[PDB]
Amino acid sequence: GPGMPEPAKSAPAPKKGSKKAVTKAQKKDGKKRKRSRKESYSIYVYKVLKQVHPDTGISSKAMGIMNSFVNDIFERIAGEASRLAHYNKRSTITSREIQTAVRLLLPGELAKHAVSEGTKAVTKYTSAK
Amino acid sequence: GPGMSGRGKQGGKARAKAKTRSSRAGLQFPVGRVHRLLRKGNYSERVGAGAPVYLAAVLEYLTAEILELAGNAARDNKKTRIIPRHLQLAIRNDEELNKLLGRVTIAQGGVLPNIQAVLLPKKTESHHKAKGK
């Protein structure tokens, strides 16, 4: 009856979105008309340069050398991750074996940057598109 | 007055093009290609989805100290851009950059700045005056 108090209701549950139709994905493999530069270490060359030294640019030569410098240790990291997978009796490299492979090659503060703060930085890569 | 009539013959029309997708075109991001670069490298049988992401974080730091010291060398030499001569200096003059580039150097047995005591060889007993006749 109307003399009784109305009980406290929860906030209304949001309506579920309709099933969006999955369209025909256009072929972006082997494309000739792109603005993306050939995917290489150049990504971070400009990023960390502008972050630390906003007043200072870089040459195409110096960029190419920094890419080579990273590749020479990246090859070793891949080799160590492969070695770890072999000792762990795996056919595949894990998302953890790569961290250890880097740590083994990078003594002292180099692992604190590349591995410890590297693992903290994963949150940025998952949150941002 | 009256308009001109169309030809009585049928067909000969241009065929209608297929309708384009309703879904909007996304931007190209690089980490999905880094996954394929790891596969092309053939490091193992399958590449985990997190592997190129975690390696991208590693890669950023792998030249961060190179960029820092090369940019310091550029500022010191009053240059507008980093050039190969700044890398020749920065690499050779810093042992952590010698570790980042190529062959990893041994961390222990590194030279300390404070003068260490010279470890003298164990001296033999000095020849005392021999007893004469």
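Cut-offs and rules
For each chain, numbering restarts from 1 and follows the sequence as written, which can differ from how the entry numbers it; residues lacking coordinates are not listed. Key to labels: chains lettered from A, ligands numbered from 1, both in the order written. To get the side-chain values, all heavy atoms of the structure are used, and hydrogens and water are removed first. A 1.4 Å probe that fits into a set of points on a 1 Å grid over the protein atoms alone but cannot get out defines a cavity; an open set with protein on both sides within 12 Å along at least five of seven lines defines a pocket, and lining residues are those with an atom within 4 Å of a point. Grid points are joined across faces, edges and corners, and a volume is the space filled by probe spheres set on the points. The nonpolar class holds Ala, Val, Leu, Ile, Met, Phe, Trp, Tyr, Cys and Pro. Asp, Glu, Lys and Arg form the charged class, and all remaining residues, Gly among them, are polar. Secondary structure elements follow DSSP: runs of H or I no shorter than four residues count as helices, runs of E no shorter than two count as strands, and numbering proceeds from the N terminus. Classification of residues uses two cut-offs on accessible area relative to the type maximum, computed with a 1.4 Å probe and protein chains only: under 20% is buried, over 50% is exposed, and between them is partly exposed. What is meant by a nonpolar core is a set of buried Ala, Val, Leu, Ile, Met, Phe, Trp, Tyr and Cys residues, joined one to another through side-chain atoms within 4.5 Å. Residues are treated as being in contact if the distance between any of their heavy atoms lies within 4.5 Å.

Method-wise, the PDB entry is recorded as coming from solution NMR.

Student: Help me understand the layout of surface pockets in this model?
Tutor: Over the atoms a probe the size of a water molecule is rolled, and this reveals where empty space is left. Taken as a whole, the largest pocket spans an internal volume of roughly 640 Å³. Surrounding the largest pocket, 24 residues form its lining, A:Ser40, A:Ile43, B:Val34, B:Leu37 and B:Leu59 being those nearest its centre. Taken as a whole, the second largest pocket encloses approximately 530 Å³ of empty space. Lining the second largest pocket are 20 residues, with A:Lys28, A:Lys31, B:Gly26, B:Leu27 and B:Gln28 sitting closest to its centre. Taken together, the residues of the lining of the second largest pocket break down into 4 nonpolar, 5 polar and 11 charged.

Student: Help me understand unusual backbone geometry, please; the structure alone is not making it clear to me.
Tutor: When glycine is set aside, most residues are seen to have a negative phi, and most peptide bonds are trans. All names here are of chain B. Backbone geometry at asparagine 42 places phi at a positive 55°, although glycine is not the residue there. By the element assignment, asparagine 42 lies in the loop between α1 (31-41) and α2 (50-62). Looking at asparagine 42, the relative accessible area reads 58%, which means it is exposed. In the Ramachandran plot, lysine 78 falls in the positive-phi region, its phi being about 55° despite a non-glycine side chain. Assessed through its relative accessible area of 78%, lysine 78 is described here as exposed.

Student: Any chance you could explain the nonpolar core here in plain terms?
Tutor: If you look at soluble globular proteins, the nonpolar side chains tend to sit buried side by side. In this structure, A:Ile58, A:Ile77, A:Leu106, B:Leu62 and B:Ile82 are the most contacted members of the largest nonpolar core, which totals 46 residues. Put simply, the parts of the chain that give this core at least two residues each are α1 (42-52), α2 (60-87), α3 (97-105) and α4 (109-127) of chain A together with α2, α3 (64-76), α4 (84-93) and α5 (95-100) of chain B. A per-element tally of this core places α2(A) first, with 11 residues. For A:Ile77, the contacting residues outside a window of four places in its chain are A:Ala101, A:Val102, A:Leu105, B:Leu55, B:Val58 and B:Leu62.

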